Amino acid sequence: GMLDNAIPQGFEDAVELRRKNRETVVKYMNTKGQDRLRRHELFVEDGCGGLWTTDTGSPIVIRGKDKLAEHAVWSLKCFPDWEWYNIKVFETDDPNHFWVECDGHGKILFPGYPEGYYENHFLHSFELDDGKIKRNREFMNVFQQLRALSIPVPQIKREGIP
(Lines of atoms letter the chains of each structure in order from A and count residues from 1; the text may use other names and numbers.)
(Lines give C-alpha, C1' and ligand atoms only; values in the text may rest on other atoms or scores of the structure.)
Protein backbone atom coordinates (compact mmCIF):
# COMPACT_ATOMS: atom_id res chain seq x y z
CA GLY A 1 0.00 0.00 0.00
CA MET A 2 0.93 3.73 0.05
CA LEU A 3 3.14 3.33 3.25
CA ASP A 4 5.30 0.84 1.29
CA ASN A 5 6.37 3.43 -1.35
CA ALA A 6 9.99 3.53 -0.07
CA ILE A 7 10.40 -0.22 0.55
CA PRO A 8 13.38 -1.48 -1.48
CA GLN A 9 12.59 -3.87 -4.32
CA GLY A 10 14.62 -6.93 -5.26
CA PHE A 11 17.09 -9.14 -3.45
CA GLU A 12 20.53 -8.60 -1.88
CA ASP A 13 22.03 -12.08 -2.64
CA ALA A 14 23.84 -13.09 -5.84
CA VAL A 15 23.29 -9.68 -7.37
CA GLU A 16 25.65 -10.15 -10.33
CA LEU A 17 23.98 -13.52 -11.22
CA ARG A 18 20.52 -11.97 -10.89
CA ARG A 19 21.44 -9.07 -13.21
CA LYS A 20 22.95 -11.49 -15.73
CA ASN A 21 19.98 -13.84 -15.63
CA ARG A 22 17.46 -11.00 -15.86
CA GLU A 23 19.24 -9.56 -18.86
CA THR A 24 18.80 -12.94 -20.59
CA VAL A 25 15.10 -13.21 -19.71
CA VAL A 26 14.49 -9.68 -20.98
CA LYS A 27 16.45 -10.46 -24.17
CA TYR A 28 14.28 -13.59 -24.68
CA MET A 29 11.00 -11.68 -24.13
CA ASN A 30 12.12 -8.92 -26.52
CA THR A 31 13.02 -11.39 -29.30
CA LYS A 32 10.84 -10.98 -32.36
CA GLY A 33 10.90 -11.46 -36.09
CA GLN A 34 14.04 -12.91 -37.64
CA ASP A 35 15.87 -12.76 -34.30
CA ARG A 36 13.61 -15.69 -33.31
CA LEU A 37 15.87 -17.90 -35.47
CA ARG A 38 18.75 -17.27 -33.04
CA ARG A 39 16.77 -17.29 -29.74
CA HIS A 40 18.11 -20.81 -29.03
CA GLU A 41 21.52 -19.16 -28.49
CA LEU A 42 20.23 -17.99 -25.08
CA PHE A 43 20.08 -21.63 -23.94
CA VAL A 44 22.54 -24.13 -22.54
CA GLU A 45 23.38 -26.87 -25.04
CA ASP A 46 20.89 -29.37 -23.60
CA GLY A 47 18.42 -26.61 -22.67
CA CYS A 48 14.78 -27.20 -23.33
CA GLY A 49 11.48 -25.43 -23.62
CA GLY A 50 7.89 -25.69 -24.59
CA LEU A 51 4.22 -25.68 -23.78
CA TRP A 52 3.07 -26.78 -20.32
CA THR A 53 -0.68 -26.21 -20.83
CA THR A 54 -1.63 -28.68 -23.60
CA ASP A 55 -4.61 -30.66 -24.91
CA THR A 56 -2.95 -33.90 -23.86
CA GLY A 57 -2.18 -32.91 -20.26
CA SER A 58 1.54 -33.61 -20.93
CA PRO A 59 4.01 -30.86 -21.74
CA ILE A 60 5.21 -30.54 -25.31
CA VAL A 61 8.92 -30.24 -24.78
CA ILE A 62 11.57 -29.27 -27.31
CA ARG A 63 14.99 -30.53 -26.17
CA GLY A 64 18.45 -29.29 -26.98
CA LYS A 65 19.68 -26.28 -28.95
CA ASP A 66 19.58 -28.02 -32.29
CA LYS A 67 15.89 -28.89 -31.83
CA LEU A 68 15.18 -25.40 -30.40
CA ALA A 69 16.77 -23.93 -33.56
CA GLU A 70 14.58 -26.15 -35.78
CA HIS A 71 11.51 -25.27 -33.78
CA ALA A 72 12.18 -21.56 -34.37
CA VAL A 73 11.68 -22.24 -38.12
CA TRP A 74 8.34 -23.96 -37.46
CA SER A 75 7.41 -21.08 -35.08
CA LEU A 76 8.17 -18.40 -37.72
CA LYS A 77 6.04 -20.38 -40.18
CA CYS A 78 2.97 -20.83 -37.94
CA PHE A 79 3.20 -17.57 -35.98
CA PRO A 80 4.86 -15.33 -38.56
CA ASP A 81 4.38 -11.95 -36.83
CA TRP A 82 4.14 -13.06 -33.18
CA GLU A 83 4.89 -10.53 -30.46
CA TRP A 84 4.80 -10.50 -26.69
CA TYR A 85 3.47 -7.34 -25.02
CA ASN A 86 2.40 -6.04 -21.61
CA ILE A 87 5.50 -7.77 -20.35
CA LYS A 88 6.10 -7.98 -16.61
CA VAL A 89 9.29 -9.68 -15.32
CA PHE A 90 9.36 -11.17 -11.82
CA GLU A 91 12.61 -12.05 -10.09
CA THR A 92 12.19 -14.70 -7.38
CA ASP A 93 14.06 -15.65 -4.23
CA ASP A 94 15.91 -18.14 -6.47
CA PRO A 95 18.39 -16.04 -8.52
CA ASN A 96 18.14 -18.70 -11.27
CA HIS A 97 14.30 -18.74 -11.55
CA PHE A 98 12.20 -15.99 -13.16
CA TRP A 99 8.48 -15.68 -14.01
CA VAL A 100 7.14 -13.44 -16.75
CA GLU A 101 3.50 -12.43 -17.13
CA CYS A 102 2.49 -11.07 -20.51
CA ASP A 103 0.13 -11.10 -23.45
CA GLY A 104 1.00 -12.38 -26.88
CA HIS A 105 -0.62 -12.05 -30.27
CA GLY A 106 -0.26 -12.60 -34.01
CA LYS A 107 -1.51 -14.58 -36.98
CA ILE A 108 -1.82 -18.31 -36.42
CA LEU A 109 -1.23 -20.61 -39.41
CA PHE A 110 -1.43 -24.26 -38.33
CA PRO A 111 -1.68 -26.66 -41.25
CA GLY A 112 -5.09 -28.24 -41.43
CA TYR A 113 -6.77 -25.30 -39.70
CA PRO A 114 -8.13 -22.07 -41.16
CA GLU A 115 -5.95 -19.00 -40.71
CA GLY A 116 -6.75 -17.06 -37.57
CA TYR A 117 -5.68 -14.31 -35.28
CA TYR A 118 -4.42 -15.53 -31.92
CA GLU A 119 -4.56 -13.58 -28.69
CA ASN A 120 -3.53 -15.14 -25.38
CA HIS A 121 -2.28 -14.39 -21.88
CA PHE A 122 0.89 -16.14 -20.77
CA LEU A 123 2.94 -17.03 -17.80
CA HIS A 124 6.53 -17.97 -18.66
CA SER A 125 8.84 -19.79 -16.26
CA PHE A 126 12.59 -19.41 -16.84
CA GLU A 127 15.24 -21.49 -15.12
CA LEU A 128 18.79 -20.38 -15.87
CA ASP A 129 22.43 -21.31 -15.29
CA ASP A 130 24.88 -18.40 -15.24
CA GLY A 131 23.03 -16.29 -17.83
CA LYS A 132 21.81 -19.14 -20.08
CA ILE A 133 18.39 -20.78 -20.12
CA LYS A 134 18.12 -24.38 -18.90
CA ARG A 135 14.33 -24.50 -19.26
CA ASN A 136 11.46 -22.32 -20.37
CA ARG A 137 7.85 -23.35 -19.77
CA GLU A 138 4.85 -21.55 -21.29
CA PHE A 139 1.46 -21.54 -19.53
CA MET A 140 -1.56 -20.02 -21.31
CA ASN A 141 -5.33 -20.26 -21.68
CA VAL A 142 -5.91 -23.22 -23.97
CA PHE A 143 -9.39 -22.04 -25.13
CA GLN A 144 -7.90 -18.88 -26.65
CA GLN A 145 -5.94 -21.13 -29.04
CA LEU A 146 -9.06 -23.21 -29.89
CA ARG A 147 -10.74 -19.93 -30.90
CA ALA A 148 -7.92 -18.76 -33.03
CA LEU A 149 -7.93 -22.19 -34.75
CA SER A 150 -11.74 -22.01 -35.22
CA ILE A 151 -12.09 -25.24 -33.15
CA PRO A 152 -15.50 -25.19 -31.37
CA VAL A 153 -15.05 -24.34 -27.64
CA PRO A 154 -16.74 -26.77 -25.20
CA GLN A 155 -18.84 -24.78 -22.70
CA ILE A 156 -19.01 -25.67 -18.99
CA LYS A 157 -22.10 -24.55 -17.02
CA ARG A 158 -21.24 -23.82 -13.32
CA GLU A 159 -24.86 -23.99 -12.02
CA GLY A 160 -25.30 -22.20 -8.65
CA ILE A 161 -21.92 -20.36 -8.62
CA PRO A 162 -22.32 -17.07 -6.60
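Quick note: we count residues from 1 along the sequence shown, nothing fancier.
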Regarding 116-124 and 66-74, which shows the higher C-alpha temperature factor on average in the entry? 66-74
Lowest, middle or highest third: where is residue 33 by C-alpha B factor in its chain? highest
CA B-factor placement of residue 58, once the chain's modelled residues are sorted into thirds: highest
Looking at the entry's B-factor column for C-alpha atoms only, identify whether residue 95 ranks in the lowest, middle or highest third of its chain. lowest
Divide the modelled residues of the chain into thirds by Cα B-factor and specify which third, lowest, middle or highest, holds residue 14. highest
Split the chain's modelled residues into thirds by Cα B-factor; is residue 25 in the lowest, middle or highest one? middle
